[PDB]
Amino acid sequence: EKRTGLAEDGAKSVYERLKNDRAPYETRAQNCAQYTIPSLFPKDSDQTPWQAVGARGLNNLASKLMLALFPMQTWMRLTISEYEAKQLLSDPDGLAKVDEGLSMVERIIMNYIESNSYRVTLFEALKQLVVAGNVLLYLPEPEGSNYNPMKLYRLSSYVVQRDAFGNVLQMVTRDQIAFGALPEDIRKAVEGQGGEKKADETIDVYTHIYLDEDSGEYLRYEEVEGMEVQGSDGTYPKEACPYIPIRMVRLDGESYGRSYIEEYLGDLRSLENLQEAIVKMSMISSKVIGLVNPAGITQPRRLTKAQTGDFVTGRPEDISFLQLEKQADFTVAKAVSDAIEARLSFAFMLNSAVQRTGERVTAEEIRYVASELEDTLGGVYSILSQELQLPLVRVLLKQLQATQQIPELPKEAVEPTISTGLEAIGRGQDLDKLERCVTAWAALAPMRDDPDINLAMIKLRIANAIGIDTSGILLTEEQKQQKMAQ
Amino acid sequence: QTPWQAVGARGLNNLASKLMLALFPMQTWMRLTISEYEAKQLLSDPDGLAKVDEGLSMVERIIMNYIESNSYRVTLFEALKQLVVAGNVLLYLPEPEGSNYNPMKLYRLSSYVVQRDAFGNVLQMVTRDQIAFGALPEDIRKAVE
Amino acid sequence: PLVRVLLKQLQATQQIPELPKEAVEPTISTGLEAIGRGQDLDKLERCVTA
Amino acid sequence: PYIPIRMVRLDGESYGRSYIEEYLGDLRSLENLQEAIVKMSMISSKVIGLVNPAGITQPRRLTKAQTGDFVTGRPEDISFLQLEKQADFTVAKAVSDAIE
Amino acid sequence: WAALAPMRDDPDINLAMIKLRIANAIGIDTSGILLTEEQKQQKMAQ
Amino acid sequence: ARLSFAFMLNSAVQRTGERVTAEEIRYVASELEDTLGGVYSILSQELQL
Amino acid sequence: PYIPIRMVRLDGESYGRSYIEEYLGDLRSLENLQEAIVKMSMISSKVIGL
């Protein structure tokens, strides 16, 4: 069947069209990668760098973020939905069974992420997210309990179109598979479409995903050499598309995202250009060249051949050694280079932005400057929890629930709330409030045996101000007199 | 074109980061409490009161759950940057509409306009989107040709 | 303004289960009050130390 | 549902002022200077030989020499072009730094 | 839990609930952390 | 020096510039731990499992 | 039982990148410089009478 809508005139033809507005982004990504790690986004179409600062910064930033966002620890938290949680009012037996299945679900997701090598690709994705605007993550249908890894498309080989509100209208990926590696059906279709193909010839395979105007849901198909692939068609519901295009830095009303490094590219290239001319300098400067005056007696052969300790026919007025003596010029260059590199280290939260060789670095300023690095990391992290973490989890839930790898739970826990960050680590806001109230209560120990002060009321008021539940914090009359008797 | 120095870049970035962690943290950040007038009514009625405070600090957690689930933090960040560099930002939050992914919309100063009265209340606004024809809704698309 | 609006939008779509009149127009604290490190707590535990 | 926000108010006016605007002077000053400084560092780090063509020392023979090599020439013919704007720099640096 | 030693002999504070709540926020199993009624009164007797 | 950070050589701490404090040693050492945790958490997925 | 391992993945590619590659520029630089310096030290240690 000929399909229409956004897929009216072929997948490849859409890819081609949308590529036009994507181009700036991939130029920008190519420039940033040039001065860090070029293999992330090479300057092929529309060699290593001199300095390694870009390289170790990017590597650092990714590592840090990946150990924050996706640690070996449990990192999401599923909890009962607010509405259904109001239902199980005065039903602890029926509740605590919900939370048991939810925290089971937690563990299943975790076991999946562990066993399908999600961490490794997430790393590569973070690098990409940092250097270029965007990554496209694709997680296929679980399909058994097999090794189901994730797939990553770097900005160069995929394309996106968003509406007014930033919702995804259509996507087109473009794999480049060698003919030999293609499935037989596809392989046969291709050569049956004319011209016999060599095993090492590469074949563009376009994958089109798009919103249908009629259905409130996505359609997908694969498309090779202008013809749709046999049984490559499919559909995805709007709220759970397994293709996730991620932006690092949003500009609303725009299909792709800006990148992190781009903001600090000015100072990065500046460093690169300088570090080059300095290294070259040092090379001229470490080269010894003698100068025998040919008007003199001292003959150069006789010098080169000499053993150490040797007396040789000559005068010292004939030989001189070519001195560079660009000694001051160097320290000006160095001072600048150093300044910039220092500025970059802060932007890559390298811990050795503390390392200043100027003065005796106190201990007290270290804590303050290290908390400027924590400040700016909290920034990217709290943005990448929304952008990368929550969508990845939300989609994994729906995917696993579809294949009944998630044993049936009671209605309450089908749409739970997904906590991430410090809550899940078990170091959250609730615990803090509780153990700040305990420390506030211990400060009325020097009046425990009160004359007429009434500890009960003050005890409850402290908890209220701080904001603990205080649902069964105070001992009731019947339970207190019961405990007074025993 | 990029700038020669990155002091401004890290400066703005710092400022926004700090502000956004202060204004919109993962913690609860608003607090809803009984109105002064109606609170005077429930004088000597604790049982009837702390039920109000119970439904309110429910409301808190609902708003919070929405802000978490609808990516409010990420757009607030971009808005704070905008707010610092250009004088003003425009936030648009559409009708919840089911229980779906309803994000917020941001209009930079360049693509919206405002007129205020004497007392500074809003009289009119006019935003200006710039959509590719292909992305438009079919009804509009067909009107346009 | 952000909060005030959300309240009115959520109460419109009855994504906010009905509460008794008192809590339809409440007062919206922000800042330190909410964090649980406010003026009230300070005054209390300054009175305990006195 | 449309909320137009201002950063810094000026009463009786539809739009708001910005935070950075207040400090723009010192910011553009910085940007002008750090430019002129960066460019300085590129001049200063560039080696350029000067072989006196009245002389004996021929430049082809200097560029082709290995390290350790002895070569026909006199050190009155080669000189390396020095920028020595060492003091002028630290003036510019002092000011840049003060602003930063 | 060692931080509520300066109020172990509580007047009307209820250690039981706060002890379980701390464990929940941290996120231990709490599957048989509290002493049950029959097992507690058994231990009080012995 | 730069390469020593990249190879997590402990003696990237060793700077002859200044009297190296005790408090910065810890902080710079944990840059090396940071970047080691990086390669390790990858190679655990790539090589170990 | 054949396990081919990659260090640094590039999705859609059969072989992996290396860890050192990312820092090779600074490494060859050192090698070149250290060579010219060691060679300097042999010229500097050599006594020749005239």
# chains A, B, ... in the order shown; residues from 1 in each chain; ligands from 1
$ residues_around --residues "range 6-23 of chain G" --least-positions-apart "5" --cutoff "10 Å" --atoms "only C-alpha atoms" --output "number ranges by chain"
A: 36-40, 48-56, 59, 120-121, 123-125, 150-154, 175-177; F: 2-3, 6-7, 39, 42-43, 46-47; G: 28
$ residues_around --residues "range 17-30 of chain C" --least-positions-apart "3" --cutoff "8 Å" --atoms "only C-alpha atoms" --output "MDAnalysis selection string"
(chainID B and resid 29:35 38:39 52 55:56) or (chainID C and resid 4 14 33:34)
$ residues_around --residues "range 40-46 of chain D" --least-positions-apart "3" --cutoff "10 Å" --atoms "only C-alpha atoms" --output "count of residues only"
36
$ residues_around --residues "residue 126 in chain B" --least-positions-apart "3" --cutoff "12 Å" --atoms "only C-alpha atoms" --output "VMD selection string"
(chain B and resid 90 92 107 109 to 115 122 to 123 129) or (chain D and resid 2 4)
$ write_last_selection --atoms "N, CA, C and O atoms" --output "PDB file, in the first residue's frame"
ATOM      1  N   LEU B  90       8.860  35.122  28.012  1.00  0.00           N
ATOM      2  CA  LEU B  90       7.428  34.811  28.073  1.00  0.00           C
ATOM      3  C   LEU B  90       7.201  33.303  28.160  1.00  0.00           C
ATOM      4  O   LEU B  90       7.565  32.560  27.240  1.00  0.00           O
ATOM      5  N   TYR B  92       4.387  30.259  28.486  1.00  0.00           N
ATOM      6  CA  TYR B  92       3.061  29.848  28.088  1.00  0.00           C
ATOM      7  C   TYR B  92       2.839  28.401  28.528  1.00  0.00           C
ATOM      8  O   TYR B  92       3.564  27.516  28.058  1.00  0.00           O
ATOM      9  N   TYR B 107       8.711  31.751  24.785  1.00  0.00           N
ATOM     10  CA  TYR B 107       8.873  32.752  23.741  1.00  0.00           C
ATOM     11  C   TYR B 107       9.931  33.759  24.200  1.00  0.00           C
ATOM     12  O   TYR B 107       9.738  34.443  25.221  1.00  0.00           O
ATOM     13  N   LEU B 109      12.291  37.217  23.700  1.00  0.00           N
ATOM     14  CA  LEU B 109      11.758  38.588  23.544  1.00  0.00           C
ATOM     15  C   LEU B 109      11.505  38.898  22.062  1.00  0.00           C
ATOM     16  O   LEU B 109      10.532  39.569  21.732  1.00  0.00           O
ATOM     17  N   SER B 110      12.372  38.381  21.184  1.00  0.00           N
ATOM     18  CA  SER B 110      12.322  38.631  19.742  1.00  0.00           C
ATOM     19  C   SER B 110      10.987  38.180  19.107  1.00  0.00           C
ATOM     20  O   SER B 110      10.506  38.821  18.154  1.00  0.00           O
ATOM     21  N   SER B 111      10.383  37.087  19.598  1.00  0.00           N
ATOM     22  CA  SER B 111       9.210  36.500  18.927  1.00  0.00           C
ATOM     23  C   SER B 111       7.943  36.575  19.805  1.00  0.00           C
ATOM     24  O   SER B 111       7.137  35.644  19.823  1.00  0.00           O
ATOM     25  N   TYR B 112       7.754  37.704  20.502  1.00  0.00           N
ATOM     26  CA  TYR B 112       6.494  38.043  21.197  1.00  0.00           C
ATOM     27  C   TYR B 112       6.514  39.548  21.503  1.00  0.00           C
ATOM     28  O   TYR B 112       7.542  40.218  21.317  1.00  0.00           O
ATOM     29  N   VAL B 113       5.374  40.076  21.968  1.00  0.00           N
ATOM     30  CA  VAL B 113       5.185  41.526  22.148  1.00  0.00           C
ATOM     31  C   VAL B 113       4.121  41.774  23.230  1.00  0.00           C
ATOM     32  O   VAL B 113       3.216  40.962  23.435  1.00  0.00           O
ATOM     33  N   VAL B 114       4.242  42.904  23.930  1.00  0.00           N
ATOM     34  CA  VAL B 114       3.377  43.194  25.058  1.00  0.00           C
ATOM     35  C   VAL B 114       3.101  44.697  25.126  1.00  0.00           C
ATOM     36  O   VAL B 114       3.952  45.509  24.771  1.00  0.00           O
ATOM     37  N   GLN B 115       1.900  45.026  25.611  1.00  0.00           N
ATOM     38  CA  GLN B 115       1.479  46.380  25.909  1.00  0.00           C
ATOM     39  C   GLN B 115       0.788  46.388  27.273  1.00  0.00           C
ATOM     40  O   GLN B 115      -0.127  45.602  27.501  1.00  0.00           O
ATOM     41  N   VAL B 122      -1.515  43.659  32.068  1.00  0.00           N
ATOM     42  CA  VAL B 122      -1.396  43.337  30.673  1.00  0.00           C
ATOM     43  C   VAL B 122      -2.695  43.738  29.963  1.00  0.00           C
ATOM     44  O   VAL B 122      -3.789  43.479  30.467  1.00  0.00           O
ATOM     45  N   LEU B 123      -2.550  44.386  28.799  1.00  0.00           N
ATOM     46  CA  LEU B 123      -3.673  44.699  27.906  1.00  0.00           C
ATOM     47  C   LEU B 123      -3.716  43.687  26.770  1.00  0.00           C
ATOM     48  O   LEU B 123      -4.737  43.057  26.536  1.00  0.00           O
ATOM     49  N   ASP B 129       4.952  32.501  16.341  1.00  0.00           N
ATOM     50  CA  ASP B 129       5.649  31.257  16.024  1.00  0.00           C
ATOM     51  C   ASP B 129       6.110  31.323  14.563  1.00  0.00           C
ATOM     52  O   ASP B 129       5.622  32.133  13.785  1.00  0.00           O
TER      53      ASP B 129
ATOM     54  N   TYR D   2      -0.714  32.713  29.688  1.00  0.00           N
ATOM     55  CA  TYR D   2       0.429  33.484  29.210  1.00  0.00           C
ATOM     56  C   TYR D   2       0.931  34.393  30.350  1.00  0.00           C
ATOM     57  O   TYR D   2       0.182  35.254  30.849  1.00  0.00           O
ATOM     58  N   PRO D   4       4.023  36.987  30.889  1.00  0.00           N
ATOM     59  CA  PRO D   4       5.195  37.723  30.434  1.00  0.00           C
ATOM     60  C   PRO D   4       5.940  38.244  31.665  1.00  0.00           C
ATOM     61  O   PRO D   4       5.366  39.029  32.440  1.00  0.00           O
TER      62      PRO D   4
END
$ closest_atom_pairs --of "chain B" --to "chain A" --cutoff "7 Å" --atoms "only C-alpha atoms" --output "Markdown table"
| residue | atom | partner | partner_atom | distance |
| --- | --- | --- | --- | --- |
| B:2 | CA | A:266 | CA | 5.4 |
| B:3 | CA | A:266 | CA | 5.6 |
| B:4 | CA | A:266 | CA | 5.5 |
| B:5 | CA | A:267 | CA | 6.0 |
| B:6 | CA | A:264 | CA | 5.8 |
| B:9 | CA | A:263 | CA | 6.4 |
| B:10 | CA | A:347 | CA | 6.9 |
| B:14 | CA | A:376 | CA | 6.1 |
| B:17 | CA | A:379 | CA | 5.0 |
| B:18 | CA | A:375 | CA | 6.5 |
| B:27 | CA | A:429 | CA | 6.4 |
| B:71 | CA | A:386 | CA | 5.8 |
| B:73 | CA | A:383 | CA | 6.9 |
| B:74 | CA | A:383 | CA | 5.3 |
| B:78 | CA | A:250 | CA | 6.9 |
| B:105 | CA | A:165 | CA | 6.0 |
| B:106 | CA | A:252 | CA | 5.9 |
| B:131 | CA | A:164 | CA | 6.8 |
| B:135 | CA | A:163 | CA | 6.0 |
$ write_last_selection --atoms "N, CA, C and O atoms" --output "short mmCIF file (atom, residue, chain, number, x, y, z; two decimals), in the first residue's frame"
data_model
loop_
_atom_site.label_atom_id
_atom_site.label_comp_id
_atom_site.auth_asym_id
_atom_site.auth_seq_id
_atom_site.Cartn_x
_atom_site.Cartn_y
_atom_site.Cartn_z
N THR B 2 31.91 33.25 17.88
CA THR B 2 32.04 33.09 19.32
C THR B 2 32.83 34.26 19.88
O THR B 2 33.56 34.95 19.17
N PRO B 3 32.72 34.53 21.19
CA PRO B 3 33.47 35.62 21.81
C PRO B 3 34.90 35.23 22.21
O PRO B 3 35.18 34.04 22.43
N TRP B 4 35.77 36.24 22.34
CA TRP B 4 37.17 36.05 22.66
C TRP B 4 37.35 35.52 24.08
O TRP B 4 38.28 34.77 24.33
N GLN B 5 36.50 35.93 25.01
CA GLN B 5 36.64 35.49 26.39
C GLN B 5 35.39 34.72 26.77
O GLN B 5 34.30 34.97 26.21
N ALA B 6 35.57 33.81 27.73
CA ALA B 6 34.51 32.91 28.23
C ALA B 6 34.09 33.28 29.66
O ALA B 6 33.46 32.48 30.34
N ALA B 9 30.35 33.85 29.58
CA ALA B 9 29.66 32.59 29.40
C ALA B 9 29.54 31.86 30.74
O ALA B 9 28.45 31.44 31.15
N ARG B 10 30.67 31.71 31.44
CA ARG B 10 30.65 30.98 32.69
C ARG B 10 29.89 31.81 33.74
O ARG B 10 29.19 31.26 34.56
N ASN B 14 26.77 30.25 35.59
CA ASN B 14 26.82 30.15 37.04
C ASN B 14 25.54 30.77 37.62
O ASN B 14 24.82 30.15 38.38
N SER B 17 22.40 28.69 36.91
CA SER B 17 22.49 27.42 37.67
C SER B 17 22.11 27.68 39.13
O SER B 17 21.18 27.05 39.66
N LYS B 18 22.82 28.62 39.76
CA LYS B 18 22.62 28.95 41.16
C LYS B 18 21.15 29.31 41.38
O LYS B 18 20.53 28.77 42.27
N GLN B 27 13.43 19.30 45.86
CA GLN B 27 12.59 19.53 47.04
C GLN B 27 11.25 20.16 46.67
O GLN B 27 11.12 20.80 45.61
N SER B 71 8.67 18.33 32.66
CA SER B 71 9.95 18.91 32.27
C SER B 71 9.97 20.43 32.49
O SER B 71 10.40 21.16 31.62
N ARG B 73 11.62 22.12 34.88
CA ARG B 73 12.94 22.57 35.31
C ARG B 73 13.81 22.96 34.10
O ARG B 73 14.48 23.99 34.11
N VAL B 74 13.78 22.15 33.03
CA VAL B 74 14.66 22.35 31.88
C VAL B 74 14.30 23.65 31.16
O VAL B 74 15.19 24.34 30.68
N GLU B 78 16.44 27.71 30.80
CA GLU B 78 16.54 28.49 29.59
C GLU B 78 15.88 29.86 29.78
O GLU B 78 16.36 30.85 29.23
N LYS B 105 5.76 26.23 27.11
CA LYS B 105 6.31 26.86 25.89
C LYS B 105 6.99 28.19 26.26
O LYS B 105 6.45 28.97 27.06
N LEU B 106 8.17 28.43 25.66
CA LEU B 106 8.98 29.62 25.91
C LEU B 106 9.08 30.47 24.64
O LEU B 106 9.47 29.97 23.57
N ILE B 131 6.65 28.32 11.95
CA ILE B 131 6.60 26.90 11.76
C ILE B 131 6.87 26.64 10.28
O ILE B 131 6.54 27.45 9.44
N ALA B 135 4.94 21.12 8.92
CA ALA B 135 4.69 20.84 10.33
C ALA B 135 3.32 21.35 10.78
O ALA B 135 2.87 21.00 11.88
#
$ select_by_dssp --residues "chain G" --states "strand (DSSP E or B)" --output "PyMOL selection string"
chain G and resi 8+17+48-49
$ residues_around --residues "residue 35 in chain E" --least-positions-apart "6" --cutoff "12 Å" --atoms "only C-alpha atoms" --output "tab-separated table (two decimals) with N, CA, C and O atoms, in the first residue's frame"
chain	number	residue	atom	x	y	z
E	16	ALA	N	9.09	4.42	68.25
E	16	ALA	CA	8.81	3.35	67.28
E	16	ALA	C	8.64	3.91	65.86
E	16	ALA	O	9.18	3.33	64.92
E	17	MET	N	7.85	4.98	65.72
E	17	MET	CA	7.42	5.48	64.40
E	17	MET	C	8.60	6.17	63.70
E	17	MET	O	8.85	5.92	62.51
E	19	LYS	N	11.78	5.77	64.27
E	19	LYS	CA	12.78	4.76	63.95
E	19	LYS	C	12.42	4.07	62.63
E	19	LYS	O	13.29	3.81	61.81
E	20	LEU	N	11.14	3.77	62.39
E	20	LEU	CA	10.79	3.09	61.14
E	20	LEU	C	10.85	4.08	59.97
E	20	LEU	O	11.17	3.67	58.85
E	41	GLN	N	6.56	-8.50	73.99
E	41	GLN	CA	6.06	-8.81	75.34
E	41	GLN	C	6.66	-10.14	75.84
E	41	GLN	O	6.84	-10.32	77.05
E	42	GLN	N	6.95	-11.06	74.91
E	42	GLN	CA	7.70	-12.29	75.21
E	42	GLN	C	9.08	-11.93	75.77
E	42	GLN	O	9.49	-12.49	76.79
E	43	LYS	N	9.78	-10.99	75.12
E	43	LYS	CA	11.14	-10.58	75.50
E	43	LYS	C	11.12	-9.72	76.78
E	43	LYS	O	12.08	-9.75	77.55
E	44	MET	N	10.04	-8.95	77.00
E	44	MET	CA	9.91	-8.14	78.22
E	44	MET	C	9.78	-9.06	79.44
E	44	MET	O	10.28	-8.73	80.51
$ interface_residues --of "chain D" --to "chain G" --cutoff "12 Å" --atoms "only C-alpha atoms" --output "PyMOL selection string"
chain D and resi 66-70
$ closest_residue --among "A:229, A:361, A:69, A:14" --to "residue 22 in chain F" --atoms "only C-alpha atoms"
A:361
$ interface_residues --of "chain C" --to "chain A" --cutoff "10 Å" --atoms "only C-alpha atoms" --output "list in words"
residues 15, 16, 17, 33, 34, 35, 36, 37, 38, 39, 40, 41, 42, 44, 45, 48 and 49 of chain C
$ residues_around --residues "residue 41 in chain F" --least-positions-apart "5" --cutoff "9 Å" --atoms "only C-alpha atoms" --output "list in words"
residues 67, 71, 72, 119 and 120 of chain A; 36 and 46 of chain F
$ select_by_dssp --residues "range 195-282 of chain A" --states "helix (DSSP H, G or I)" --output "JSON list (two decimals) with C-alpha atoms, in the first residue's frame"
[["chain", "number", "residue", "atom", "x", "y", "z"],
["A", 238, "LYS", "CA", 2.29, 8.58, 21.15],
["A", 239, "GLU", "CA", 3.23, 8.44, 24.86],
["A", 240, "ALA", "CA", 5.84, 5.64, 24.51],
["A", 261, "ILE", "CA", 31.14, 23.12, 24.76],
["A", 262, "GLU", "CA", 29.95, 25.54, 22.02],
["A", 263, "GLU", "CA", 29.45, 28.12, 24.82],
["A", 264, "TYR", "CA", 33.23, 27.89, 25.68],
["A", 265, "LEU", "CA", 34.58, 27.26, 22.14],
["A", 266, "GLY", "CA", 36.14, 30.74, 21.86],
["A", 267, "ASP", "CA", 38.62, 30.04, 24.67],
["A", 268, "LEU", "CA", 39.10, 26.43, 23.52],
["A", 269, "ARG", "CA", 40.29, 27.24, 19.94],
["A", 270, "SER", "CA", 42.38, 30.14, 21.38],
["A", 271, "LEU", "CA", 44.20, 27.64, 23.60],
["A", 272, "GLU", "CA", 44.62, 25.21, 20.72],
["A", 273, "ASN", "CA", 46.21, 27.88, 18.42],
["A", 274, "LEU", "CA", 48.53, 29.04, 21.20],
["A", 275, "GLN", "CA", 49.58, 25.55, 22.48],
["A", 276, "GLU", "CA", 50.59, 24.79, 18.87],
["A", 277, "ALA", "CA", 52.84, 27.88, 18.42],
["A", 278, "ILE", "CA", 54.39, 27.25, 21.86],
["A", 279, "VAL", "CA", 55.22, 23.59, 21.17],
["A", 280, "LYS", "CA", 56.70, 24.63, 17.79],
["A", 281, "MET", "CA", 58.72, 27.34, 19.60],
["A", 282, "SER", "CA", 60.19, 24.85, 22.07]]
$ atom_distance --atom1 "CA of residue 4 in chain E" --atom2 "CA of residue 473 in chain A"
14.0 Å
$ interface_residues --of "chain A" --to "chain E" --cutoff "6 Å" --atoms "only C-alpha atoms" --output "PDB file with N, CA and C atoms, in the first residue's frame"
ATOM      1  N   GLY A 426      18.764   7.421  48.765  1.00  0.00           N
ATOM      2  CA  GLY A 426      18.394   7.247  50.153  1.00  0.00           C
ATOM      3  C   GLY A 426      19.042   8.302  51.024  1.00  0.00           C
ATOM      4  N   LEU A 431      14.534  12.422  54.770  1.00  0.00           N
ATOM      5  CA  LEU A 431      15.478  11.979  55.781  1.00  0.00           C
ATOM      6  C   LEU A 431      16.137  13.190  56.450  1.00  0.00           C
ATOM      7  N   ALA A 442      16.669  17.117  70.782  1.00  0.00           N
ATOM      8  CA  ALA A 442      17.752  16.807  71.739  1.00  0.00           C
ATOM      9  C   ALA A 442      18.204  18.072  72.483  1.00  0.00           C
ATOM     10  N   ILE A 473       3.137  10.545  65.553  1.00  0.00           N
ATOM     11  CA  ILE A 473       4.404  10.902  66.185  1.00  0.00           C
ATOM     12  C   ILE A 473       4.192  10.980  67.702  1.00  0.00           C
ATOM     13  N   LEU A 474       3.095  11.611  68.130  1.00  0.00           N
ATOM     14  CA  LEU A 474       2.774  11.724  69.548  1.00  0.00           C
ATOM     15  C   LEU A 474       2.181  10.406  70.060  1.00  0.00           C
ATOM     16  N   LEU A 475       2.596  10.009  71.273  1.00  0.00           N
ATOM     17  CA  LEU A 475       2.018   8.858  71.962  1.00  0.00           C
ATOM     18  C   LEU A 475       0.594   9.213  72.389  1.00  0.00           C
TER      19      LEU A 475
END
$ residues_around --residues "residue 18 in chain F" --least-positions-apart "5" --cutoff "9 Å" --atoms "only C-alpha atoms" --output "PDB file with N, CA and C atoms, in the first residue's frame"
ATOM      1  N   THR A 357      49.439  27.870  41.169  1.00  0.00           N
ATOM      2  CA  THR A 357      50.858  27.886  41.550  1.00  0.00           C
ATOM      3  C   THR A 357      51.284  29.282  42.027  1.00  0.00           C
ATOM      4  N   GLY A 358      50.354  30.250  42.017  1.00  0.00           N
ATOM      5  CA  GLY A 358      50.611  31.639  42.427  1.00  0.00           C
ATOM      6  C   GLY A 358      50.982  31.786  43.897  1.00  0.00           C
ATOM      7  N   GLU A 359      50.233  31.117  44.788  1.00  0.00           N
ATOM      8  CA  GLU A 359      50.302  31.370  46.243  1.00  0.00           C
ATOM      9  C   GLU A 359      50.160  30.070  47.055  1.00  0.00           C
ATOM     10  N   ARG A 360      50.326  30.199  48.381  1.00  0.00           N
ATOM     11  CA  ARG A 360      50.067  29.119  49.339  1.00  0.00           C
ATOM     12  C   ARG A 360      48.549  28.970  49.486  1.00  0.00           C
TER      13      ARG A 360
END
$ decode --residues "range 13-30 of chain F" --atoms "N, CA and C atoms" --output "PDB file, in the first residue's frame"
ATOM      1  N   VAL F  13      50.364  14.624  41.232  1.00  0.00           N
ATOM      2  CA  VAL F  13      50.290  15.436  42.431  1.00  0.00           C
ATOM      3  C   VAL F  13      51.604  16.214  42.572  1.00  0.00           C
ATOM      4  N   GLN F  14      52.737  15.499  42.449  1.00  0.00           N
ATOM      5  CA  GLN F  14      54.094  16.067  42.560  1.00  0.00           C
ATOM      6  C   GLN F  14      54.247  17.280  41.632  1.00  0.00           C
ATOM      7  N   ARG F  15      53.967  18.472  42.174  1.00  0.00           N
ATOM      8  CA  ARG F  15      54.337  19.754  41.550  1.00  0.00           C
ATOM      9  C   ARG F  15      55.479  20.368  42.378  1.00  0.00           C
ATOM     10  N   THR F  16      56.571  20.715  41.685  1.00  0.00           N
ATOM     11  CA  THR F  16      57.761  21.313  42.292  1.00  0.00           C
ATOM     12  C   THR F  16      57.588  22.831  42.428  1.00  0.00           C
ATOM     13  N   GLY F  17      56.510  23.372  41.845  1.00  0.00           N
ATOM     14  CA  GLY F  17      56.187  24.785  41.937  1.00  0.00           C
ATOM     15  C   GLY F  17      56.169  25.269  43.378  1.00  0.00           C
ATOM     16  N   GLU F  18      55.294  24.676  44.205  1.00  0.00           N
ATOM     17  CA  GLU F  18      54.950  25.233  45.528  1.00  0.00           C
ATOM     18  C   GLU F  18      54.955  24.150  46.619  1.00  0.00           C
ATOM     19  N   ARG F  19      54.853  24.616  47.870  1.00  0.00           N
ATOM     20  CA  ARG F  19      54.644  23.772  49.044  1.00  0.00           C
ATOM     21  C   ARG F  19      53.223  23.212  48.942  1.00  0.00           C
ATOM     22  N   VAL F  20      53.138  21.989  48.420  1.00  0.00           N
ATOM     23  CA  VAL F  20      51.884  21.293  48.154  1.00  0.00           C
ATOM     24  C   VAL F  20      51.190  20.979  49.493  1.00  0.00           C
ATOM     25  N   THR F  21      50.024  21.591  49.703  1.00  0.00           N
ATOM     26  CA  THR F  21      49.194  21.362  50.895  1.00  0.00           C
ATOM     27  C   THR F  21      48.618  19.939  50.909  1.00  0.00           C
ATOM     28  N   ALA F  22      48.065  19.558  52.064  1.00  0.00           N
ATOM     29  CA  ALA F  22      47.515  18.233  52.297  1.00  0.00           C
ATOM     30  C   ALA F  22      46.082  18.139  51.759  1.00  0.00           C
ATOM     31  N   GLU F  23      45.404  19.286  51.646  1.00  0.00           N
ATOM     32  CA  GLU F  23      43.951  19.332  51.411  1.00  0.00           C
ATOM     33  C   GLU F  23      43.641  19.301  49.912  1.00  0.00           C
ATOM     34  N   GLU F  24      44.573  19.853  49.125  1.00  0.00           N
ATOM     35  CA  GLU F  24      44.510  19.839  47.683  1.00  0.00           C
ATOM     36  C   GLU F  24      44.963  18.469  47.166  1.00  0.00           C
ATOM     37  N   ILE F  25      45.865  17.771  47.879  1.00  0.00           N
ATOM     38  CA  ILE F  25      46.271  16.431  47.432  1.00  0.00           C
ATOM     39  C   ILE F  25      45.016  15.560  47.320  1.00  0.00           C
ATOM     40  N   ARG F  26      44.185  15.556  48.365  1.00  0.00           N
ATOM     41  CA  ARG F  26      42.988  14.737  48.369  1.00  0.00           C
ATOM     42  C   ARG F  26      42.130  15.096  47.151  1.00  0.00           C
ATOM     43  N   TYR F  27      41.936  16.398  46.909  1.00  0.00           N
ATOM     44  CA  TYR F  27      40.993  16.855  45.889  1.00  0.00           C
ATOM     45  C   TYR F  27      41.505  16.484  44.492  1.00  0.00           C
ATOM     46  N   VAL F  28      42.813  16.607  44.254  1.00  0.00           N
ATOM     47  CA  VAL F  28      43.371  16.291  42.936  1.00  0.00           C
ATOM     48  C   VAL F  28      43.440  14.770  42.778  1.00  0.00           C
ATOM     49  N   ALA F  29      43.691  14.056  43.878  1.00  0.00           N
ATOM     50  CA  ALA F  29      43.743  12.610  43.831  1.00  0.00           C
ATOM     51  C   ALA F  29      42.386  12.059  43.392  1.00  0.00           C
ATOM     52  N   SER F  30      41.307  12.703  43.833  1.00  0.00           N
ATOM     53  CA  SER F  30      39.974  12.222  43.514  1.00  0.00           C
ATOM     54  C   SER F  30      39.566  12.598  42.080  1.00  0.00           C
TER      55      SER F  30
END
